Amino acid sequence: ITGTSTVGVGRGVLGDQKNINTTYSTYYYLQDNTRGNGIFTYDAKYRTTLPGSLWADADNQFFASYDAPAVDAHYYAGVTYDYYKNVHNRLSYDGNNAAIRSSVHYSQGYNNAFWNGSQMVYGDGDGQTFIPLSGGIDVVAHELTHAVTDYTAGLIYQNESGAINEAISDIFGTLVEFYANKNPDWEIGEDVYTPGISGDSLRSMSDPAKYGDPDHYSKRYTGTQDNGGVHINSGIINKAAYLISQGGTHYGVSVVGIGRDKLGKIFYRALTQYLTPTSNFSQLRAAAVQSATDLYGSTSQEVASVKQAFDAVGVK
Ligand SMILES: [Ca+2]
Ligand SMILES: [Ca+2]
Ligand SMILES: [Ca+2]
Ligand SMILES: [Ca+2]
Ligand SMILES: [Zn+2]
């Protein structure tokens, strides 16, 4: 909408106060004009029609319980935009400052979030498996990263290419969580998963097997559930990425860690210059090796560590 840029204040899902970029024209809208061609947050009003209505507020204060998922979807989309721009010189998900749109309060009791081809969508959860999913910065960045993937490598959402797609979203979701630097970890969704159970999470990158997911290619899922295991077999790639960054010895194979920033550079380059819609795990290894070679040189520690990490998870 046309209006003047304003700064509201409110409280997110976890009860924390933050400032939000809004737009004033009669109402204050969740429209952040400070980033690209805007970040826009919508109310889906417990229904499934999308996007719903651009979020309007009378007083620019967002402290109601109903407001909290909107505050966080809007704010964490901003952090994610900043990560991609500042760290990777990428302007929004399309590289040309496309407007970023999110809807909250999608459906009833909805234990998921997704990119629908055009926008991000967040359930409120049922209060048992999840609380409103935009409360997790890793979740928000996971969703926006699906848009980045779709505009770049275009990894088809099934089987190995789909597990790579998933892992890319978990990797960058985690790197954004570290960028913001509030309780960062290598777990996925811990801030919004199972409010009645402390210390768990939806997935673990450091130890995927803790939550049932494979940590070696010989343990990959080969059935048809979950689009051929895209949220399951992502553990193999998540583990490789964790090892590249942090190091470790896994099934007897030692990996020298190179840190998060270099992990992000290698995987961003692989995603944007080498992967294709049909890439499989072996092709991801090759893309990561080539990316590290371009950035650091063929004789570098970085290349050696990429190879060790893929060896450790059984991907040749
Ligand atoms: Ca208000
Ligand atoms: Ca965390
Ligand atoms: Ca996390
Ligand atoms: Ca929990
Ligand atoms: Zn996903």
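Residues numbered from 1 in each chain as written, not as in the entry; some residues may be left out. Chains lettered and ligands numbered in written order. Heavy atoms only, no water. Residues with missing side-chain atoms left out of burial classes, pairs and counts.

### Comments concerning the overall build of the chain
Now for step 1: Of the regular secondary structure elements, the chain holds 8 helices and 15 strands.
Now for step 2: Its C-alpha atoms give the chain a radius of gyration of 19 Å, within 12% of the compact-globule value 20 Å for 316 residues.
Now for step 3: Projected onto the principal axes, the alpha-carbon positions of the chain cover approximately 60 × 40 × 30 Å.
Now for step 4: Considering only contacts within the chain whose residues lie at least 6 apart along the sequence, 59% involve residues at least 24 apart. (Helix = DSSP H or I, 4+ residues; strand = E, 2+ residues; numbered from the N terminus. Rg over C-alpha atoms; globule rule 2.2 N^0.38 Å. Contact = heavy atoms within 4.5 Å.)

### Brief notes about the layout of surface pockets
Now for step 1: Roughly 390 Å³ of volume is contained in the largest pocket.
Now for step 2: Surrounding the largest pocket, 21 residues form its lining, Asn112, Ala113, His142, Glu143 and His231 being those nearest its centre.
Now for step 3: Mapped by element, the contributors of at least two residues to the lining of the largest pocket are strand 10 (113–115), helix 2 (137–151) and helix 3 (159–180).
Now for step 4: Considering every element that reaches the lining of the largest pocket, the biggest residue donor is helix 2, with 6 residues.
Now for step 5: Class assignment for the residues of the lining of the largest pocket results in 9 nonpolar, 7 polar and 5 charged. (1 Å grid on protein atoms, 1.4 Å probe; cavity = no way out; pocket = protein on both sides within 12 Å on 5 of 7 lines; lining within 4 Å. Points joined across faces, edges and corners; volume = space filled by probe spheres on them. Nonpolar A, V, L, I, M, F, W, Y, C, P; charged D, E, K, R; others polar.)

### Some words on the coordination of the calcium ion (ligand 1)
Now for step 1: Of the protein atoms, only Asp57 (OD), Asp57 (OD), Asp59 (OD) and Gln61 (O) coordinate the calcium ion (ligand 1), at distances of 2.3 to 2.6 Å.
Now for step 2: In primary sequence terms, the donor set of the calcium ion (ligand 1) follows D-x1-D-x1-Q.
Now for step 3: Exposure remark for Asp57: the relative accessible area of 10% places this residue in the buried category.
Now for step 4: Owing to a relative accessible area of 35%, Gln61 belongs among the partly exposed residues under this scheme. (Donors = N, O, S within 2.8 Å, 3.2 Å for Na, K, Ca; no water. Buried < 20%, exposed > 50% of the residue type's maximum accessible area, 1.4 Å probe, protein only.)

### Thoughts on the coordination of the zinc ion (ligand 5)
When four donors bind a metal tetrahedrally, each ideal donor-metal-donor angle is 109.5 degrees, and when six bind octahedrally, the ideal angles are 90 or 180 degrees.
Now for step 1: The protein atoms that coordinate the zinc ion (ligand 5) are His142 (NE2), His146 (NE2) and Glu166 (OE), at distances spanning 2.0 Å.
Now for step 2: Each donor residue of the zinc ion (ligand 5) lies on one chain, and together they are spaced H-x3-H-x19-E. Linking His146 in helix 2 with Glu166 in helix 3, this pair joins segments that are 20 residues apart in sequence.
Now for step 3: For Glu166, a relative accessible area of 0% translates into the label buried.

### Some thoughts on the UniProt feature "binding site: Ca(2+) 1" in the chain
Now for step 1: Per the UniProt annotation, the sites labelled "binding site: Ca(2+) 1" are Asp57, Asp59 and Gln61.
Now for step 2: Relative to the helices and strands, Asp57 resides in strand 7 (residues 56–57).
Now for step 3: Excluding residues that lie within four positions of it along the chain, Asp57 makes contacts with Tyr27, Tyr28, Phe62 and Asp67.
Now for step 4: Looking at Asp57, its side chain comes within polar contact range of the main-chain nitrogen of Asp59, at 3.0 Å.
Now for step 5: Position of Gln61 among the secondary structure elements: in strand 8 (residues 61–62).
Now for step 6: Those residues in contact with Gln61, other than ones at most four positions away along the chain, are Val9 and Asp67. (UniProt positions renumbered as here; feature names shortened; annotations may be inferred. Polar contact = N/O pair within 3.5 Å; in protein donor to acceptor, adjacent residues only side chain to side chain.)

### So, the packing of aromatic side chains
What describes a pair of aromatic rings is the distance from one ring centre to the other and the angle between the planes of the rings.
Now for step 1: Tallied over the full model, the rule gives 18 aromatic pairs.
Now for step 2: An angle of 45° between the planes, with centres 6.0 Å apart, marks the rings of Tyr84 and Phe172 as tilted. One end of the pair, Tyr84, is in helix 1 (residues 68–88); the other, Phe172, is in helix 3, with 88 residues separating them in the sequence. Each member of the pair, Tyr84 together with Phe172, is buried.
Now for step 3: By the ring-pair criterion, three or more aromatic residues cluster together here, those being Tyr83, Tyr84, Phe172 and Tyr179.
Now for step 4: Between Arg220 and the ring centre of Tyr217, over which it is positioned, the NZ or CZ distance is 4.0 Å.
Now for step 5: The ring of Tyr296 has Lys262 lying over it, and the distance from NZ or CZ to the ring centre is 5.6 Å. (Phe/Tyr/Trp six-rings, centres within 6.5 Å; stacked < 30°, edge-to-face > 60°. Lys NZ or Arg CZ within 6 Å of the ring centre and 35° of its normal.)

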